[PDB]
Amino acid sequence: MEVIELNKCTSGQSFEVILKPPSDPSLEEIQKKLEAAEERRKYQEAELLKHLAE
Amino acid sequence: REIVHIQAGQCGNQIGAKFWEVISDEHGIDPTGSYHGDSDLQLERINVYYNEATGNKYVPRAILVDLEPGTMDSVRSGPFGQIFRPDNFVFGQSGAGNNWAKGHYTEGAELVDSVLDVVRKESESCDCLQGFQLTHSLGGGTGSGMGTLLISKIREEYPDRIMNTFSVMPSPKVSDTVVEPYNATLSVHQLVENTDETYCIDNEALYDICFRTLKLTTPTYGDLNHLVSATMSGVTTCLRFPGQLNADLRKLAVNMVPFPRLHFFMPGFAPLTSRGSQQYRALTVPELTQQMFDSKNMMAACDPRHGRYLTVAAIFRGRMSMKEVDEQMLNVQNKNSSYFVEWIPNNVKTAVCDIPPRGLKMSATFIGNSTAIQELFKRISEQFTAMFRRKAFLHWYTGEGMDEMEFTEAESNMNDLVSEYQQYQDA
Amino acid sequence: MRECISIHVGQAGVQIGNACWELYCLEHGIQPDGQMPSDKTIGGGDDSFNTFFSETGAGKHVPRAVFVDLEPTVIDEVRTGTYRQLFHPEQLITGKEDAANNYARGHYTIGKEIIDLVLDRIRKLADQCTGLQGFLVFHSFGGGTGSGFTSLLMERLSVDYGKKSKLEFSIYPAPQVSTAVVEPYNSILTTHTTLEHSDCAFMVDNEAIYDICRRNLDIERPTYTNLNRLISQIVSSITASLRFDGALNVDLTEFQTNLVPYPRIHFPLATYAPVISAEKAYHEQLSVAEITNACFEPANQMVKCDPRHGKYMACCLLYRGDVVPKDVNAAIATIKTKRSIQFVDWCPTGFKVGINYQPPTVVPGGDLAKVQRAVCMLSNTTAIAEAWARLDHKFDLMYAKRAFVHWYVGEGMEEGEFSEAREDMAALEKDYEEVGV
Amino acid sequence: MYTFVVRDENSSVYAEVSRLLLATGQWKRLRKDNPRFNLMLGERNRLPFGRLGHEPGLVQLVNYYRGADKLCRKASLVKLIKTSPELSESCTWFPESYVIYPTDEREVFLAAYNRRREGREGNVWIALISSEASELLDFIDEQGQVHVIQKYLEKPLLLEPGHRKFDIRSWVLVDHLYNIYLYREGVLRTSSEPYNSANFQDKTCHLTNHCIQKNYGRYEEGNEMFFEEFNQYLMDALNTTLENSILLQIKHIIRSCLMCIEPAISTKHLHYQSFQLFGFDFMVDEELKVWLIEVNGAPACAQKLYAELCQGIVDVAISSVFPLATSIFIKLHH
Ligand SMILES: Nc1nc2c(ncn2[C@@H]2O[C@H](COP(=O)(O)OP(=O)(O)OP(=O)(O)O)[C@@H](O)[C@H]2O)c(=O)[nH]1
Ligand SMILES: Nc1ncnc2c1ncn2[C@@H]1O[C@H](COP(=O)(O)OP(=O)(O)CP(=O)(O)O)[C@@H](O)[C@H]1O
Ligand SMILES: Nc1nc2c(ncn2[C@@H]2O[C@H](COP(=O)(O)OP(=O)(O)O)[C@@H](O)[C@H]2O)c(=O)[nH]1
Ligand SMILES: [Ca+2]
Ligand SMILES: [Mg+2]
Ligand SMILES: [Mg+2]
């Protein structure tokens, strides 16, 4: 019913119609997560080469 | 993404040679190593298997291994024998006498370093090596014993690369010696640990297919190898031609292997055809879909109705309605949903390639990770236990330095593999 | 004028980027070589299109975009594509080996050795800006790169560009075009890690796009090209307000203000109409009332769900073509009495409307037919949570057996991150429940 | 070969449906958590509608309408009836009711309670049955959950011989096309003990539930009079039929209730389709004026009518979508 904020221009026009009213981690921590996971890869690869060495 | 091919032993080199023969024709490469095709689809991903030389010469990235020069000399005189890089011919003289111990511990250990020097020379040329693929039997000594030794040493030097294998399983129906169950069990133990992907090619199945289906009264190793080369070409299609699904060895493993030890695949193929005998009638898509799933078409002597499919990879080849493929593929899963585990949603993945194989207007290759594969390993275990309970024919191995405990361990680990496959069959 | 940088991650992100920027160039009259005859301010300016394009003294108008993929085959087709002259090498980043459909491989393993390079190449674009609004990130949920590397990038951008807004254009996984079985894993993982770092995300279920192409364009087996050219039309409708003169959604902050009252619930549902086949011999042009009524048909949504059994928090109507406020208000009045449109009690029941007189552009040789008037509705409905439910169910099925988990743990990831990610999704489904019922 | 699942074991109705389906040899039952189904006989609570219609290559169907609880819940039905313009403030066929929350429209309820008292007319209500508003409000707050207060029909039609009370149960089936099918065989769940006008404390002759009654089995077998007998009774005792005096009102109330919520639950253009069996409970006063009492979203059938009805469901609701290799319903047209 109620049209408001009607703005017009050459390109077009915009407006709002209301029908009814109502009723972060740091760079440190990131680098710590990535490197920690890198160690877990290194440990896993080391255990493999240790196992293969046997 | 380059793949380094290796073929070990009599069987490995004979199917390996047949493999390079088949796909070389598909990629329009002649025995001279020159391209003479009509489509650019053939050369887009030809670098995966072929090294390019000056004058546009394509040389297989293949390494031929054997502890005796007998079979490898036959390859070099064979049809495409000249295409192979001569320096990649690495061989001994003693042979392994169908002895796993000889191939893995004594005779083969003497030769393995020479092989790894060739592997290293190829790998250094690779822009981005994705992994290796091996062709060998598990019933012999070289391909089984030395093959698994190579795999172990390749993993040590390339632990972040994929290891694939085409492993031919032994069978009494097609038997060279009585000690094949021993060599096989010892090899499975190695494959469970040091491979990401293994295509189980049962000689029992290849025989039954040639006998029962293809009506060949007395099939030879040549008849058996017609099926292998057909399957080998199919399962590598997605790797050799431009595609979205399972284009590389790793992505295939991620989609096919829910658990690291359970990576032994049942290959299937349709239409089944014998050598020479040309078929004139092209199969409909419903026929390809029905056949490729039938037990009579599996390359591994296992009943897929006795287990459940963890994952499945299918590849239709030729010119067809991809819509009809999607329909028929969905029809199988919906008709027989019980034979697909419910705890892996959408575990079936289909692909299509325009280029069909030679002789056929269209075909379909099946790759299934079924729990029913245990029937294969159980069969080997029974034949193993039958001899081992009396320690029969064991002196061939202890004479090479092996202990009885190592057999007991190999036996136990394969029985574990069986039980693990059984675990997910009743989940 | 404030600039916007577009980041395209993974195959899906790159190829969709190609479709969008292709469409942008045709809408603004920019040629493949980058020359824009209509732009009379040579060597620079601060027009509305400059939000997406910078300018060189030579008169070339280059996209403010970066393309990243851990595998070169896709972006290489951009380097040699028809718009190869449009970008420059420093905008196109490629790795050696992909993430192999593995989130952990794209985030932790391979993601670690290129994150610094990408940020530097992004910083080079940011330095060329006078007033950076923020970023528009295009990626997939299923891919290892689209899921893994995006979440890592979205984390670092929040650190390097804390004040800047970040919008998402995400491709929700669909079996009919799926490339991996573990895409549900990758989807939950990247959502959890990106959630706090995303201001507004437009999800597009390939399932929905796939059936629209089959149903309305009569394409039996839609290719990515068929999907992408349709998606680009939706994206264009959303970003048109940033590239054209207007007074609705003129900057990134307004997208969040208008569509996202609650931060975590920042997944507006998009509905587009009409989609018409170019090969359709005879077509009757649809009216404002008809296309507007189509915005409430599930068959036209980017995600298949049922808004009737949920609640709205916001609702925007973006028109392109012969449309005037009078017809829209009449259409809204009619539809309101016919359909079930329930807003949350703490929100006004209304519609923010935007109209551009220029009708939607179509790619020559494309599958879409030129239309006299089209519309894209952006509605923040709790019904979109059905997609989260579908996705989390598949996640529970596989994870109960720990299937494929070893692939992720093998890349240094912890099995705890699976349950942590799933717990965050469980909370999200609850948030949607509290608001929705 | 179609496929289906069962997720409600307590369903006496669909236990028979599942039996009939398997007996055709063209339907296969799967496990509960098998997503590759054509039909789903879902649960009564937390039925995952959001996971339906997302299986490529499968036309899926479910035996429940999402959002149909707005009609099958007492607190919701009152709201629906009072808010919906199609049903309005005061439709003649629904008793005057109010929604009351334990410590809303309590003040509104008392406003009407005064007119009845300051008019010296019938002033009895039901949640327990009483004529004092204070006795009722103290009962609702003592229970815990939300209840509905409703005008008690003080002048109900009474069956003779016996001077008894009764309620009619009609079974309605709405298919995927939203065709409203009324089952021709209904049932009168009668009271065996004579209706007492004064003493409301005795709820054995006021409440006509099949469980409470179980004088059980005196007049008819199991306190269940079918239409052939009830019709014959009307003709002999009142010189009218069942069709005219009652059924037209029933067909009207059913047609009205479902048309009201059609746009809110219809699965016409959805990715999955729905059907559902409803059980409407009506009430007749001495002037042969039918009153709607409530709607049951998960109704049980009568032992005699199980076979015929359960088969009926398969034909028009299931076999219509999934065809295989005169009618018992009345199509309420609209
Ligand atoms: N709509 C649309 N979806 C795509 C497109 N390309 C890929 N996808 C979807 O993206 C999902 C997989 O993500 P990808 O983008 O292919 O993978 P990626 O981002 O390159 O990451 P990697 O695994 O490292 O290759 C699949 O489910 C596809 O359906 C595309 O061009 N358009
Ligand atoms: N407003 C009213 N006036 C007169 N009698 C009424 C009434 N409301 C209910 N009754 C009587 O009370 C009985 C049971 O009430 P209701 O039917 O509301 O409970 P229920 O919902 O537990 C039964 P079902 O299991 O069939 O759904 C009715 O069959 C009817 O005989
Ligand atoms: N399919 C096939 N199997 C073979 C062939 N040759 C040998 N085998 C199998 O391999 C086993 C013998 O191993 P073999 O290859 O001869 O040992 P190796 O040469 O020392 O490695 C037996 O179980 C055979 O069934 C062949 O040409 N084709
Ligand atoms: Ca300018
Ligand atoms: Mg031999
Ligand atoms: Mg990729």
Side-chain angles (χ1 to χ4, degrees), chain B residues 345-346, chain C residues 8-13 15-16 19 101 103 136-148 150-151 154 167-195 198 200-213 222 224 226-228 230-232 234-235 238 264-272 298-307 310 378-396 398 421-422 424-425 428-429 432, chain D residues 35 50-56 271:
Chain B
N346 313 123
Chain C
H8 307 280
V9 186
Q11 176 176 298
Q15 293 190 335
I16 289 171
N101 303 322
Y103 172 92
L136 305 184
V137 184
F138 301 75
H139 69 99
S140 65
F141 278 175
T145 303
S147 70
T150 299
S151 64
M154 293 284 287
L167 271 64
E168 281 189 293
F169 290 94
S170 304
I171 305 303
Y172 176 102
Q176 269 167 331
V177 295
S178 175
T179 61
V181 63
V182 298
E183 291 191 31
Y185 280 175
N186 297 338
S187 309
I188 273 65
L189 289 170
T190 191
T191 299
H192 162 62
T193 309
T194 311
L195 202 63
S198 186
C200 185
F202 302 108
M203 281 198 302
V204 182
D205 193 335
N206 274 343
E207 183 192 55
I209 304 297
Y210 192 84
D211 290 332
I212 289 168
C213 286
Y224 284 141
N226 297 128
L227 305 176
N228 289 1
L230 174 53
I231 290 167
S232 61
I234 278 72
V235 176
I238 299 167
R264 281 173 59 85
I265 306 175
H266 56 264
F267 298 90
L269 177 65
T271 315
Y272 191 86
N300 302 325
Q301 299 172 181
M302 297 302 96
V303 184
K304 291 188 182 184
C305 58
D306 200 339
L378 302 179
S379 61
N380 196 337
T381 169
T382 58
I384 201 168
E386 293 179 26
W388 297 132
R390 290 164 52 202
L391 207 59
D392 289 331
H393 179 67
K394 293 177 177 175
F395 181 100
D396 295 337
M398 280 192 292
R422 179 62 179 90
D424 191 18
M425 294 300 301
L428 187 63
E429 286 200 55
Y432 274 99
Chain D
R51 306 214 306 265
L52 302 174
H54 296 282
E55 285 297 333
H271 46 281

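The sequence lines fix the lettering, A, B, ..., with proteins before strands; numbering per chain opens at 1.
- Side-chain contact check for C/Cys200 versus C/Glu168: every heavy-atom pair is 4.5 Å or farther apart.
- In this structure the side chain of C/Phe169 never reaches within 4.5 angstrom of the side chain of C/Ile231, judged on heavy atoms.
- Using modelled atom types, no side-chain atom of C/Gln301 and backbone atom of C/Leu269 make a donor-acceptor pair closer than 3.5 Å.
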_Could you walk me through whether C/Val177 and C/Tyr224 satisfy the side-chain contact (heavy atoms from CB on, under 4.5 Å) test, starting with their C-alpha distance in whole Å, then the side-chain angles of each, then the deciding distance to 0.1 Å, before giving a yes or no?_
CA-CA 9 Å; C/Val177 295; C/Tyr224 284 141; 4.3 Å; yes

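- Closest of all the heavy-atom pairs between C/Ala174 and C/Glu207 is CB-N, 3.3 Å.
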*Mind running side-chain contact (heavy atoms from CB on, under 4.5 Å) on C/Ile171 and C/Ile16 for me, showing each step along the way?*
CA-CA 10 Å; C/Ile171 305 303; C/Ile16 289 171; 3.4 Å; yes

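- Contact detail for C/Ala201 and C/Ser198: the closest heavy-atom pair is CB-OG, 4.0 Å.
- Looking at C/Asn300, its side chain never comes within 3.5 Å of a backbone N or O of C/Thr271 through a donor-acceptor pair.
- Looking at C/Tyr185, its side chain never comes within 3.5 Å of a backbone N or O of C/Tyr103 through a donor-acceptor pair.
- Counting heavy atoms from C-beta outward, C/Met425 and C/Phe395 have side chains that stay 4.5 Å or more apart.
- Separation of atoms CG (C/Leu136) and CG (C/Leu167) is listed at 6.0 Å; rounding is to 0.5 Å.
- Using a 4.5 Å heavy-atom cutoff, the side chains of C/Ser140 and C/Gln11 are not in contact.
- Here CG of C/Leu428 is found 8.5 Å from OG1 of C/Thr191. Values are rounded to the nearest 0.5 Å.
- The shortest heavy-atom contact between C/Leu189 and C/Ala421 is CD2-CB, 4.0 Å.
- Of the inter-residue distances, the one linking C/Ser187 atom OG with C/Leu391 atom CG reads 4.5 Å to the nearest 0.5 angstrom.
- To the nearest 0.5 angstrom, C/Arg264 atom CZ is 9.5 Å from C/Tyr432 atom OH.
- In plain terms, the two heavy atoms of B/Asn346 and C/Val181 that are nearest each other are O-CG2, 4.0 Å.
- Residues C/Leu230 and C/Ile212 meet the side-chain proximity criterion, which asks for heavy atoms closer than 4.5 Å.
- Considering only heavy atoms from C-beta on, C/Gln176 stays 4.5 Å or farther from C/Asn206 through its side chain.
- With C/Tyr172 contributing its side chain and C/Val303 its backbone, the two residues share no donor-acceptor pair below 3.5 Å.
- Between atom OG1 of residue C/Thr193 and atom CD1 of residue C/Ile188 there is a gap of 11.5 Å, rounded to the nearest 0.5 Å.
- Using a 4.5 Å heavy-atom threshold, the side chains of C/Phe267 and C/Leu195 count as touching.
- For the atom pair C/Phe138 CZ and C/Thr150 OG1, the distance stands at 12.0 Å (nearest 0.5 Å).
- Heavy-atom minimum distance, C/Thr190 versus C/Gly146: OG1-O, 4.4 Å.
- Side-chain contact between C/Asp205 and C/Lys304 is absent, with no heavy-atom pair separated by less than 4.5 Å.
- Nearest heavy-atom pair, C/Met203 versus C/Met302, reported as atom, atom and distance to 0.1 Å: O-CB, 3.8 Å.
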